[PDB]
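As provided, model-v5.txt (compact mmCIF, C-alpha atoms and all ligand atoms) reads as follows.
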```txt
# COMPACT_ATOMS: atom_id res chain seq x y z
CA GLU A 1 58.49 11.91 -20.42
CA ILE A 2 56.23 14.00 -22.66
CA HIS A 3 52.74 15.20 -21.74
CA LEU A 4 50.09 17.41 -23.38
CA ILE A 5 48.18 19.63 -20.93
CA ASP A 6 45.62 22.39 -21.52
CA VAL A 7 44.35 20.27 -24.42
CA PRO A 8 41.44 21.56 -26.44
CA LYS A 9 37.98 20.02 -26.52
CA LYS A 10 38.02 17.24 -29.09
CA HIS A 11 34.40 17.58 -30.18
CA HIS A 12 34.50 21.36 -30.51
CA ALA A 13 37.83 21.23 -32.34
CA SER A 14 36.69 18.55 -34.79
CA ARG A 15 33.19 20.09 -35.15
CA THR A 16 31.20 16.92 -34.44
CA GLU A 17 27.56 16.72 -33.40
CA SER A 18 26.80 14.04 -30.82
CA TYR A 19 23.55 12.44 -29.66
CA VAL A 20 22.64 10.03 -26.86
CA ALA A 21 19.93 7.36 -26.97
CA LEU A 22 19.91 5.06 -23.94
CA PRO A 23 17.74 1.92 -23.94
CA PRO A 24 14.29 2.07 -22.34
CA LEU A 25 14.05 0.62 -18.86
CA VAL A 26 12.18 -2.61 -18.13
CA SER A 27 10.31 -3.65 -15.01
CA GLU A 28 11.21 -7.32 -15.50
CA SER A 29 12.80 -8.71 -12.34
CA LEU A 30 15.78 -10.27 -14.12
CA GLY A 31 16.21 -7.19 -16.32
CA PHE A 32 16.01 -8.85 -19.73
CA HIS A 33 14.58 -7.25 -22.86
CA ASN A 34 11.86 -8.73 -25.06
CA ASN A 35 11.72 -8.33 -28.83
CA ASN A 36 9.06 -5.64 -28.41
CA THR A 37 11.29 -3.66 -26.06
CA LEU A 38 14.04 -3.72 -28.68
CA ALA A 39 11.48 -2.60 -31.26
CA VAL A 40 10.65 0.38 -29.06
CA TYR A 41 14.37 1.16 -28.75
CA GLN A 42 14.72 0.94 -32.54
CA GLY A 43 11.84 3.33 -33.17
CA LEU A 44 13.05 5.86 -30.61
CA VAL A 45 16.54 5.96 -32.12
CA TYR A 46 15.03 6.38 -35.58
CA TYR A 47 12.90 9.30 -34.39
CA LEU A 48 15.92 10.96 -32.78
CA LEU A 49 17.82 10.85 -36.07
CA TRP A 50 14.69 11.99 -37.91
CA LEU A 51 14.59 15.14 -35.79
CA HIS A 52 18.31 15.55 -36.45
CA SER A 53 17.48 15.64 -40.17
CA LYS A 54 14.39 17.97 -39.76
CA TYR A 55 16.27 20.49 -37.69
CA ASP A 56 17.74 21.89 -40.94
CA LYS A 57 14.54 23.84 -41.76
CA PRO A 58 15.07 27.56 -42.53
CA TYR A 59 12.78 28.82 -39.76
CA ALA A 60 14.48 29.21 -36.39
CA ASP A 61 11.83 27.69 -34.02
CA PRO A 62 11.53 29.10 -30.47
CA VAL A 63 13.90 26.75 -28.60
CA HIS A 64 17.19 25.33 -29.88
CA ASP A 65 18.02 21.61 -29.47
CA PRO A 66 15.50 19.96 -31.84
CA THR A 67 14.47 17.21 -29.40
CA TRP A 68 12.54 19.89 -27.50
CA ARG A 69 9.77 19.86 -30.11
CA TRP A 70 9.54 16.10 -29.58
CA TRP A 71 8.99 16.28 -25.83
CA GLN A 72 7.27 19.67 -25.46
CA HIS A 73 4.04 19.24 -23.49
CA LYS A 74 4.94 15.76 -22.24
CA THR A 75 7.69 17.26 -20.09
CA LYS A 76 4.98 18.26 -17.62
CA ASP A 77 3.88 14.66 -16.96
CA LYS A 78 7.20 13.00 -16.13
CA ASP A 79 6.42 12.29 -12.47
CA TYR A 80 3.09 10.76 -13.44
CA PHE A 81 4.74 8.51 -16.00
CA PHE A 82 7.53 7.61 -13.61
CA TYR A 83 4.97 6.76 -10.95
CA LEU A 84 3.25 4.26 -13.21
CA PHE A 85 6.58 2.60 -13.88
CA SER A 86 7.85 2.48 -10.29
CA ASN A 87 4.81 0.46 -9.20
CA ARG A 88 4.93 -1.58 -12.45
CA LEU A 89 1.45 -0.39 -13.47
CA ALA A 90 2.57 0.98 -16.85
CA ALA A 91 1.43 -0.90 -19.98
CA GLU A 92 4.18 -3.37 -21.02
CA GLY A 93 6.58 -2.43 -18.23
CA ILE A 94 8.70 -0.18 -20.48
CA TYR A 95 9.82 3.20 -19.29
CA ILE A 96 10.64 5.97 -21.76
CA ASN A 97 12.83 8.59 -20.11
CA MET A 98 12.81 12.13 -21.49
CA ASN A 99 16.48 12.79 -20.77
CA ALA A 100 17.57 9.50 -22.34
CA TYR A 101 17.23 10.65 -25.97
CA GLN A 102 18.87 14.03 -26.49
CA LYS A 103 21.69 15.94 -28.24
CA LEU A 104 24.64 16.74 -25.94
CA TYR A 105 26.40 20.04 -26.56
CA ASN A 106 29.04 20.13 -23.81
CA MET A 107 30.52 17.01 -22.22
CA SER A 108 33.85 16.27 -20.53
CA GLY A 109 34.96 12.96 -22.00
CA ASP A 110 37.87 11.55 -23.98
CA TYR A 111 40.74 14.01 -24.24
CA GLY A 112 44.13 14.61 -25.79
CA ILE A 113 44.95 16.43 -28.98
CA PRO A 114 42.11 15.88 -31.46
CA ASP A 115 43.05 14.68 -34.92
CA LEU A 116 41.13 17.20 -37.05
CA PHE A 117 41.24 20.93 -36.40
CA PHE A 118 38.97 23.52 -38.05
CA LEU A 119 39.91 27.19 -38.41
CA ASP A 120 37.85 30.15 -39.67
CA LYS A 121 39.09 33.71 -40.26
CA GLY A 122 41.81 34.30 -37.72
CA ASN A 123 40.64 32.06 -34.89
CA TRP A 124 43.48 30.29 -33.13
CA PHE A 125 44.31 27.42 -30.80
CA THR A 126 47.03 26.50 -28.34
CA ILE A 127 48.84 23.32 -27.33
CA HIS B 1 -2.40 25.11 21.15
CA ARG B 2 -5.46 27.40 21.49
CA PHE B 3 -7.12 29.31 18.63
CA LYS B 4 -9.65 32.17 18.28
CA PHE B 5 -12.97 31.38 16.56
CA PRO B 6 -12.63 31.07 12.82
CA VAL B 7 -9.14 29.74 12.01
CA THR B 8 -8.48 30.99 8.50
CA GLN B 9 -5.41 30.37 6.35
CA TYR B 10 -3.59 28.27 8.93
CA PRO B 11 -0.30 27.33 7.21
CA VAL B 12 0.51 23.62 7.17
CA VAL B 13 4.28 23.72 6.74
CA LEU B 14 5.64 20.26 5.93
CA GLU B 15 9.34 19.61 6.09
CA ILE B 16 11.03 16.44 4.94
CA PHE B 17 14.19 15.65 6.93
CA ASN B 18 17.01 13.94 5.12
CA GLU B 19 19.90 13.48 7.63
CA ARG B 20 22.16 16.11 6.00
CA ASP B 21 19.22 18.35 5.08
CA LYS B 22 15.56 19.18 5.68
CA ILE B 23 13.84 20.18 2.38
CA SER B 24 10.24 21.33 1.88
CA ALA B 25 7.55 18.94 0.70
CA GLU B 26 7.56 18.72 -3.08
CA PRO B 27 4.68 18.26 -5.58
CA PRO B 28 5.89 14.71 -6.31
CA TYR B 29 5.19 13.99 -2.62
CA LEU B 30 1.44 14.44 -2.81
CA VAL B 31 -0.31 14.35 0.54
CA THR B 32 -3.65 13.55 2.17
CA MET B 33 -5.27 15.15 5.23
CA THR B 34 -7.60 13.21 7.52
CA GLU B 35 -9.32 13.95 10.82
CA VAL B 36 -8.88 10.99 13.15
CA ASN B 37 -11.60 12.22 15.51
CA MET B 38 -14.01 12.19 12.46
CA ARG B 39 -14.93 15.89 12.79
CA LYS B 40 -15.98 17.51 9.51
CA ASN B 41 -16.28 21.30 9.88
CA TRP B 42 -12.88 22.04 8.34
CA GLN B 43 -11.64 23.07 4.89
CA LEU B 44 -8.27 22.83 3.13
CA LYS B 45 -7.26 25.17 0.30
CA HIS B 46 -4.45 24.37 -2.11
CA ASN B 47 -3.07 25.37 -5.49
CA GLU B 48 -2.78 22.88 -8.34
CA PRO B 49 0.01 23.63 -10.83
CA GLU B 50 -0.04 21.61 -14.10
CA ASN B 51 2.40 19.06 -12.60
CA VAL B 52 -0.23 17.02 -10.64
CA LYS B 53 -3.44 17.44 -12.71
CA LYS B 54 -2.77 13.85 -13.77
CA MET B 55 -1.32 12.52 -10.45
CA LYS B 56 -4.26 13.95 -8.51
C1 LIG C 201 8.36 -11.00 -31.20
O1 LIG C 201 8.19 -12.36 -31.37
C2 LIG C 201 6.82 -12.76 -31.38
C3 LIG C 201 6.82 -14.27 -31.37
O2 LIG C 201 7.17 -14.77 -30.08
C4 LIG C 201 6.14 -12.17 -32.60
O3 LIG C 201 4.75 -12.49 -32.56
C5 LIG C 201 4.33 -13.28 -33.70
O4 LIG C 201 3.83 -12.47 -34.77
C6 LIG C 201 3.41 -13.22 -35.92
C7 LIG C 201 2.97 -12.22 -36.96
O5 LIG C 201 3.14 -12.74 -38.27
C8 LIG C 201 2.30 -14.20 -35.54
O6 LIG C 201 1.98 -15.01 -36.66
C9 LIG C 201 2.74 -15.08 -34.38
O7 LIG C 201 1.65 -15.89 -33.95
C10 LIG C 201 3.24 -14.23 -33.22
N1 LIG C 201 3.71 -15.08 -32.14
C11 LIG C 201 2.97 -15.34 -31.06
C12 LIG C 201 3.60 -16.23 -30.03
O8 LIG C 201 1.85 -14.87 -30.91
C13 LIG C 201 6.31 -10.65 -32.59
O9 LIG C 201 5.86 -10.12 -33.83
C14 LIG C 201 7.76 -10.26 -32.39
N2 LIG C 201 7.88 -8.82 -32.20
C15 LIG C 201 7.98 -7.95 -33.20
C16 LIG C 201 8.10 -6.52 -32.81
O10 LIG C 201 7.96 -8.30 -34.37
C1 LIG C 202 -1.50 29.69 2.16
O1 LIG C 202 -1.29 30.83 2.93
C2 LIG C 202 -0.03 31.47 2.66
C3 LIG C 202 0.10 32.61 3.63
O2 LIG C 202 0.88 32.25 4.76
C4 LIG C 202 0.01 31.93 1.20
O3 LIG C 202 1.33 32.38 0.94
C5 LIG C 202 1.28 33.70 0.37
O4 LIG C 202 0.94 33.64 -1.01
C6 LIG C 202 0.86 34.92 -1.64
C7 LIG C 202 0.43 34.68 -3.07
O5 LIG C 202 -0.99 34.62 -3.19
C8 LIG C 202 2.20 35.65 -1.54
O6 LIG C 202 2.06 36.96 -2.07
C9 LIG C 202 2.66 35.72 -0.09
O7 LIG C 202 3.98 36.25 -0.02
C10 LIG C 202 2.65 34.33 0.53
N1 LIG C 202 3.05 34.40 1.92
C11 LIG C 202 3.87 33.50 2.49
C12 LIG C 202 4.18 33.72 3.94
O8 LIG C 202 4.33 32.56 1.85
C13 LIG C 202 -0.33 30.78 0.26
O9 LIG C 202 -0.50 31.28 -1.06
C14 LIG C 202 -1.60 30.08 0.70
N2 LIG C 202 -1.86 28.91 -0.12
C15 LIG C 202 -2.63 28.93 -1.21
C16 LIG C 202 -2.78 27.64 -1.93
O10 LIG C 202 -3.16 29.96 -1.60
```
For this file, write the structure as structure tokens.
Ligand SMILES: *[C@@H]1O[C@H](CO)[C@@H](O[C@@H]2O[C@H](CO)[C@@H](O)[C@H](O)[C@H]2NC(C)=O)[C@H](O)[C@H]1NC(C)=O
Ligand SMILES: *[C@@H]1O[C@H](CO)[C@@H](O[C@@H]2O[C@H](CO)[C@@H](O)[C@H](O)[C@H]2NC(C)=O)[C@H](O)[C@H]1NC(C)=O
Amino acid sequence: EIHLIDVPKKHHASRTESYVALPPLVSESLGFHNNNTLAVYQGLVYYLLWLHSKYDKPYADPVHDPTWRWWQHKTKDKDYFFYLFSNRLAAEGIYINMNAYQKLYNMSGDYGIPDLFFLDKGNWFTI
Amino acid sequence: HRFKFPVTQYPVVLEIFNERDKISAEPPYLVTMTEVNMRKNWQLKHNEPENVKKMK
């Protein structure tokens, strides 16, 4: 048999930036999604990628991870919003979760030797 | 339990018991005080952080 152990992180080695955008929750008893719920999902994914594009501005900004500037003040109201959804009192029954739409830096997922490797000025890797 | 005239800053410690643990009462678990005997010469003082301004 042959095995690779002490493999190196695929996303760091291949230098890939990864986002996550999970669908908004629905209070419908059967769990189905309307066309308007899918429209909301569409717009939220678009706005995530829009921040991905606008993060390339020259000025640093105070906090890394661009999605911060999207949530900002709203992060203080989460319980309130969640309350209105738990008791199904919230508008069209949709729930927009802050943590659902964000850029992941470190995850432990698919492994093995990555295909691409990137090197810069004497940095090394091991297999 | 007996108390001396003015009772000031009497701490209402609320503990939630969850089998494995007992944690303190959190701001999501907002609470109400009532006096079942209908007396009304009492006051309750509390701090409001900007986590309940909207819940409250
Ligand atoms: C989801 O589908 C509904 C239809 O069930 C769309 O609502 C229609 O919108 C048009 C606008 O041109 C109206 O003429 C129709 O009368 C509407 N239908 C009803 C039943 O009122 C709705 O637009 C769709 N959702 C989205 C986001 O486009
Ligand atoms: C309720 O009374 C307690 C005292 O038992 C207060 O707790 C103190 O708060 C001050 C800050 O103002 C701290 O310096 C002390 O260390 C605290 N003591 C203890 C034992 O926790 C509490 O602040 C009071 N509640 C409110 C809303 O003011």
Near residue B:34, counting all atoms listed in the file, which residues have an atom at most 12 Å away, once you skip same-chain residues fewer than 6 positions from it, shown as a short mmCIF file (atom, residue, chain, number, x, y, z; two decimals) with C-alpha atoms, in the frame of the given file?
```cif
data_model
loop_
_atom_site.label_atom_id
_atom_site.label_comp_id
_atom_site.auth_asym_id
_atom_site.auth_seq_id
_atom_site.Cartn_x
_atom_site.Cartn_y
_atom_site.Cartn_z
CA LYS B 40 -15.98 17.51 9.51
CA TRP B 42 -12.88 22.04 8.34
CA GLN B 43 -11.64 23.07 4.89
CA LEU B 44 -8.27 22.83 3.13
#
```
Q.
Quick check: residues of chain B within 9 Å of chain A, all atoms listed in the file, returned as a PyMOL selection string.
A. chain B and resi 28+50-55
Output C-alpha atoms for every residue in that selection, as a tab-separated table (two decimals), keeping the file's coordinate frame.
```
chain	number	residue	atom	x	y	z
B	28	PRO	CA	5.89	14.71	-6.31
B	50	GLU	CA	-0.04	21.61	-14.10
B	51	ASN	CA	2.40	19.06	-12.60
B	52	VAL	CA	-0.23	17.02	-10.64
B	53	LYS	CA	-3.44	17.44	-12.71
B	54	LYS	CA	-2.77	13.85	-13.77
B	55	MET	CA	-1.32	12.52	-10.45
```
Using all atoms listed in the file, find each residue of chain B with at least one atom at most 9 Å away from an atom of ligand LIG 202 (chain C); report its shortest atom-to-atom pair and that distance in Å (one decimal), sort the rows by chain and rising residue number, and return the result as JSON lines.
```
{"residue": "B:9", "atom": "CA", "partner": "C:LIG202", "partner_atom": "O1", "distance": 5.4}
{"residue": "B:10", "atom": "CA", "partner": "C:LIG202", "partner_atom": "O1", "distance": 6.9}
{"residue": "B:11", "atom": "CA", "partner": "C:LIG202", "partner_atom": "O1", "distance": 5.6}
{"residue": "B:12", "atom": "CA", "partner": "C:LIG202", "partner_atom": "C1", "distance": 8.1}
{"residue": "B:44", "atom": "CA", "partner": "C:LIG202", "partner_atom": "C16", "distance": 8.9}
{"residue": "B:45", "atom": "CA", "partner": "C:LIG202", "partner_atom": "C16", "distance": 5.6}
{"residue": "B:46", "atom": "CA", "partner": "C:LIG202", "partner_atom": "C16", "distance": 3.7}
{"residue": "B:47", "atom": "CA", "partner": "C:LIG202", "partner_atom": "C16", "distance": 4.2}
{"residue": "B:48", "atom": "CA", "partner": "C:LIG202", "partner_atom": "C16", "distance": 8.0}
```
Q. Within 7 Å of ligand LIG 201 (chain C), counting all atoms listed in the file, which protein or nucleic acid residues do you find, written as a list in words?
A. residues 35, 36 and 39 of chain A
Q: Using atom CA of residue B:26 and atom CA of residue B:56 as the two end points, give the distance in Å to one decimal.
A: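 Those two atoms sit 13.9 Å apart.
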Q. How many Å lie between atom CA of residue A:21 and atom CA of residue A:106, rounded to one decimal?
A.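 Computed distance, atom CA of residue A:21 to atom CA of residue A:106, equals 16.0 Å.
Rounded to one decimal, atom CA of residue B:29 and atom CA of residue A:82 lie 12.9 Å from each other.
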Could you give me, as a short mmCIF file (atom, residue, chain, number, x, y, z; two decimals) with C-alpha atoms, in the coordinates of the input, the residues that sit within 6 Å of (23.5, 19.1, -30.1) in the file's coordinates, counting all atoms listed in the file?
```
data_model
loop_
_atom_site.label_atom_id
_atom_site.label_comp_id
_atom_site.auth_asym_id
_atom_site.auth_seq_id
_atom_site.Cartn_x
_atom_site.Cartn_y
_atom_site.Cartn_z
CA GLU A 17 27.56 16.72 -33.40
CA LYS A 103 21.69 15.94 -28.24
CA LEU A 104 24.64 16.74 -25.94
CA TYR A 105 26.40 20.04 -26.56
#
```
**Q.** Residue nearest residue A:38 among A:20, A:26, A:127, A:4 (counting only C-alpha atoms)
**A.**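 Checking each of A:20, A:26, A:127, A:4 against residue A:38, counting only C-alpha atoms, the winner is A:26.
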Q | Pick from A:102, A:85, A:92, A:53, whichever lies nearest to residue A:70 using only C-alpha atoms | A | A:102
Mind giving me the axis-aligned box for stretch 29-35 of chain A with 6 Å on every side, centre plus edges in Å to one decimal, as AutoDock Vina command-line options?
```
--center_x 14.0 --center_y -8.7 --center_z -20.6 --size_x 16.5 --size_y 15.1 --size_z 28.5
```
Mind filling out stretch 40-71 of chain A with N, CA and C atoms and sending it as a PDB file, in the frame of the given file?
```pdb
ATOM      1  N   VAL A  40      10.859  -0.967 -29.574  1.00  0.00           N
ATOM      2  CA  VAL A  40      10.650   0.380 -29.060  1.00  0.00           C
ATOM      3  C   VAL A  40      11.961   1.165 -29.093  1.00  0.00           C
ATOM      4  N   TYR A  41      13.056   0.526 -28.682  1.00  0.00           N
ATOM      5  CA  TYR A  41      14.370   1.160 -28.750  1.00  0.00           C
ATOM      6  C   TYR A  41      14.715   1.570 -30.175  1.00  0.00           C
ATOM      7  N   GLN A  42      14.461   0.674 -31.126  1.00  0.00           N
ATOM      8  CA  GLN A  42      14.720   0.940 -32.540  1.00  0.00           C
ATOM      9  C   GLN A  42      13.949   2.167 -33.008  1.00  0.00           C
ATOM     10  N   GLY A  43      12.648   2.214 -32.719  1.00  0.00           N
ATOM     11  CA  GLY A  43      11.840   3.330 -33.170  1.00  0.00           C
ATOM     12  C   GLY A  43      12.251   4.650 -32.546  1.00  0.00           C
ATOM     13  N   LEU A  44      12.620   4.626 -31.264  1.00  0.00           N
ATOM     14  CA  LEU A  44      13.050   5.860 -30.610  1.00  0.00           C
ATOM     15  C   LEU A  44      14.344   6.390 -31.204  1.00  0.00           C
ATOM     16  N   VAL A  45      15.301   5.505 -31.495  1.00  0.00           N
ATOM     17  CA  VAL A  45      16.540   5.960 -32.120  1.00  0.00           C
ATOM     18  C   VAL A  45      16.259   6.525 -33.515  1.00  0.00           C
ATOM     19  N   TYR A  46      15.393   5.851 -34.275  1.00  0.00           N
ATOM     20  CA  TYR A  46      15.030   6.380 -35.580  1.00  0.00           C
ATOM     21  C   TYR A  46      14.437   7.775 -35.467  1.00  0.00           C
ATOM     22  N   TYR A  47      13.541   7.989 -34.506  1.00  0.00           N
ATOM     23  CA  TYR A  47      12.900   9.300 -34.390  1.00  0.00           C
ATOM     24  C   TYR A  47      13.899  10.365 -33.965  1.00  0.00           C
ATOM     25  N   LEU A  48      14.865  10.005 -33.123  1.00  0.00           N
ATOM     26  CA  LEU A  48      15.920  10.960 -32.780  1.00  0.00           C
ATOM     27  C   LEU A  48      16.677  11.405 -34.025  1.00  0.00           C
ATOM     28  N   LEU A  49      17.085  10.457 -34.868  1.00  0.00           N
ATOM     29  CA  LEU A  49      17.820  10.850 -36.070  1.00  0.00           C
ATOM     30  C   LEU A  49      16.915  11.586 -37.057  1.00  0.00           C
ATOM     31  N   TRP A  50      15.621  11.273 -37.049  1.00  0.00           N
ATOM     32  CA  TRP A  50      14.690  11.990 -37.910  1.00  0.00           C
ATOM     33  C   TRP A  50      14.601  13.455 -37.523  1.00  0.00           C
ATOM     34  N   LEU A  51      14.531  13.749 -36.224  1.00  0.00           N
ATOM     35  CA  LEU A  51      14.590  15.140 -35.790  1.00  0.00           C
ATOM     36  C   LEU A  51      15.931  15.774 -36.130  1.00  0.00           C
ATOM     37  N   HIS A  52      17.017  15.007 -36.031  1.00  0.00           N
ATOM     38  CA  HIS A  52      18.310  15.550 -36.450  1.00  0.00           C
ATOM     39  C   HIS A  52      18.241  16.029 -37.894  1.00  0.00           C
ATOM     40  N   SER A  53      17.632  15.233 -38.771  1.00  0.00           N
ATOM     41  CA  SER A  53      17.480  15.640 -40.170  1.00  0.00           C
ATOM     42  C   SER A  53      16.537  16.828 -40.308  1.00  0.00           C
ATOM     43  N   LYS A  54      15.404  16.880 -39.613  1.00  0.00           N
ATOM     44  CA  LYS A  54      14.390  17.970 -39.760  1.00  0.00           C
ATOM     45  C   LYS A  54      14.795  19.236 -39.057  1.00  0.00           C
ATOM     46  N   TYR A  55      15.841  19.229 -38.298  1.00  0.00           N
ATOM     47  CA  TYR A  55      16.270  20.490 -37.690  1.00  0.00           C
ATOM     48  C   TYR A  55      16.862  21.461 -38.701  1.00  0.00           C
ATOM     49  N   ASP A  56      17.155  21.018 -39.923  1.00  0.00           N
ATOM     50  CA  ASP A  56      17.740  21.890 -40.940  1.00  0.00           C
ATOM     51  C   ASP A  56      16.706  22.785 -41.619  1.00  0.00           C
ATOM     52  N   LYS A  57      15.532  23.009 -41.049  1.00  0.00           N
ATOM     53  CA  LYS A  57      14.540  23.840 -41.760  1.00  0.00           C
ATOM     54  C   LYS A  57      15.025  25.264 -41.629  1.00  0.00           C
ATOM     55  N   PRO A  58      14.636  26.149 -42.541  1.00  0.00           N
ATOM     56  CA  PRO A  58      15.070  27.560 -42.530  1.00  0.00           C
ATOM     57  C   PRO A  58      14.554  28.348 -41.338  1.00  0.00           C
ATOM     58  N   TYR A  59      13.349  28.053 -40.856  1.00  0.00           N
ATOM     59  CA  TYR A  59      12.780  28.820 -39.760  1.00  0.00           C
ATOM     60  C   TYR A  59      13.427  28.426 -38.436  1.00  0.00           C
ATOM     61  N   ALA A  60      13.628  29.413 -37.561  1.00  0.00           N
ATOM     62  CA  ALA A  60      14.480  29.210 -36.390  1.00  0.00           C
ATOM     63  C   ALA A  60      13.897  28.173 -35.446  1.00  0.00           C
ATOM     64  N   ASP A  61      12.626  28.354 -35.054  1.00  0.00           N
ATOM     65  CA  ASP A  61      11.830  27.690 -34.020  1.00  0.00           C
ATOM     66  C   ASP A  61      12.147  28.375 -32.692  1.00  0.00           C
ATOM     67  N   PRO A  62      11.294  28.276 -31.666  1.00  0.00           N
ATOM     68  CA  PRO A  62      11.530  29.100 -30.470  1.00  0.00           C
ATOM     69  C   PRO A  62      12.700  28.622 -29.626  1.00  0.00           C
ATOM     70  N   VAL A  63      12.891  27.313 -29.497  1.00  0.00           N
ATOM     71  CA  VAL A  63      13.900  26.750 -28.600  1.00  0.00           C
ATOM     72  C   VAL A  63      14.855  25.900 -29.423  1.00  0.00           C
ATOM     73  N   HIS A  64      16.149  26.078 -29.176  1.00  0.00           N
ATOM     74  CA  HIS A  64      17.190  25.330 -29.880  1.00  0.00           C
ATOM     75  C   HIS A  64      17.117  23.872 -29.411  1.00  0.00           C
ATOM     76  N   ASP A  65      18.057  23.024 -29.867  1.00  0.00           N
ATOM     77  CA  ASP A  65      18.020  21.610 -29.470  1.00  0.00           C
ATOM     78  C   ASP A  65      16.766  20.893 -29.953  1.00  0.00           C
ATOM     79  N   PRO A  66      16.751  20.418 -31.206  1.00  0.00           N
ATOM     80  CA  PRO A  66      15.500  19.960 -31.840  1.00  0.00           C
ATOM     81  C   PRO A  66      14.635  19.033 -30.999  1.00  0.00           C
ATOM     82  N   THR A  67      15.241  18.198 -30.152  1.00  0.00           N
ATOM     83  CA  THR A  67      14.470  17.210 -29.400  1.00  0.00           C
ATOM     84  C   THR A  67      13.403  17.871 -28.541  1.00  0.00           C
ATOM     85  N   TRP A  68      13.559  19.164 -28.254  1.00  0.00           N
ATOM     86  CA  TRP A  68      12.540  19.890 -27.500  1.00  0.00           C
ATOM     87  C   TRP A  68      11.171  19.722 -28.139  1.00  0.00           C
ATOM     88  N   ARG A  69      11.075  19.934 -29.453  1.00  0.00           N
ATOM     89  CA  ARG A  69       9.770  19.860 -30.110  1.00  0.00           C
ATOM     90  C   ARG A  69       9.191  18.457 -30.043  1.00  0.00           C
ATOM     91  N   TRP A  70      10.033  17.458 -29.775  1.00  0.00           N
ATOM     92  CA  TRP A  70       9.540  16.100 -29.580  1.00  0.00           C
ATOM     93  C   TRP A  70       8.893  15.948 -28.207  1.00  0.00           C
ATOM     94  N   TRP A  71       9.524  16.494 -27.167  1.00  0.00           N
ATOM     95  CA  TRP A  71       8.990  16.280 -25.830  1.00  0.00           C
ATOM     96  C   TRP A  71       7.910  17.300 -25.502  1.00  0.00           C
TER      97      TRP A  71
END
```
